[PDB]
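Only one structure is covered here, and it is reproduced in the block below.
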Amino acid sequence: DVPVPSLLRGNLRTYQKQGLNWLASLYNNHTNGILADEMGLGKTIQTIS
Amino acid sequence: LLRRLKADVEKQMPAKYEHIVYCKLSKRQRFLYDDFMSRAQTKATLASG
Ligand SMILES: Nc1ncnc2c1ncn2[C@@H]1O[C@H](COP(=O)(O)OP(=O)(O)O)[C@@H](O)[C@H]1O
Ligand code: BEF
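As they're listed, the protein sequences go chains A and B. Each residue of the first sequence is one higher than the one before, counting from 685 in the deposited numbering. Each residue of the second sequence is one higher than the one before, counting from 929 in the deposited numbering.
Structure below.
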């Protein structure tokens, strides 16, 4: 996980940053999967990121 | 798959209690309930249909 934050302006927590970490293996490897995270943990912030 | 729960982000999340409140059925609801039970038995309850 080596994200370039620019235009991230909002702030994200550690486990959501790990959400982008595990999301980096999807598009880079051309793999598609289901992301199911506990409700209230901000999956939408991960998608926007 | 990707799955995380609140246990990792826990200890900053407040408590969650599930209460059970019992409310006795009213008078006209007791009459109407038994009435629909008997009238349902006139239809054979339609349990196995
Ligand atoms: N970095 C953050 N700081 C504070 N609150 C956040 C952060 N990220 C997400 N949230 C909160 O988490 C909620 C996420 O809701 P949403 O992603 O729409 O549905 P769900 O998280 O249930 O899948 C938002 O209402 C937001 O207020
Ligand atoms: F999972 Be959250 F409630 F959109």
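Each residue gets a CB set at the ideal place from its N, CA and C atoms; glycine is no exception.
Contact annotation for A/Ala720 against chain B: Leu929, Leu930 and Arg931 [CB-CB distance below 8 Å, chain order]. Using a Cβ-Cβ cut-off of 8 Å, B/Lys934 is close to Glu722, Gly724 and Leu725 of chain A, given in chain order. Just so you know, the alpha carbons of B/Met941 and A/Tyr699 end up roughly 14 Å apart.
Listed by position in the chain, the residues whose beta carbon lies within less than 7 Å of some heavy atom of ligand 1 are A/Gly694, A/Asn695, A/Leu696, A/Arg697, A/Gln700, A/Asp721, A/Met723, A/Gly724, A/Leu725, A/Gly726, A/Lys727, A/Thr728 and A/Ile729.
Residues are counted here when their Cβ sits less than 7 Å from a Cβ of chain B; for the region 700-718 of chain A these are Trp706, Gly717 and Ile718, given in chain order.
In the three-state scheme derived from DSSP, where H, G and I count as helix and E and B as strand, B/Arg958 is classed as helix. Residue burial is scored here from C-beta neighbours: A/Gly703 has at least 16 other C-beta atoms within 10 angstroms and is therefore classed as buried.
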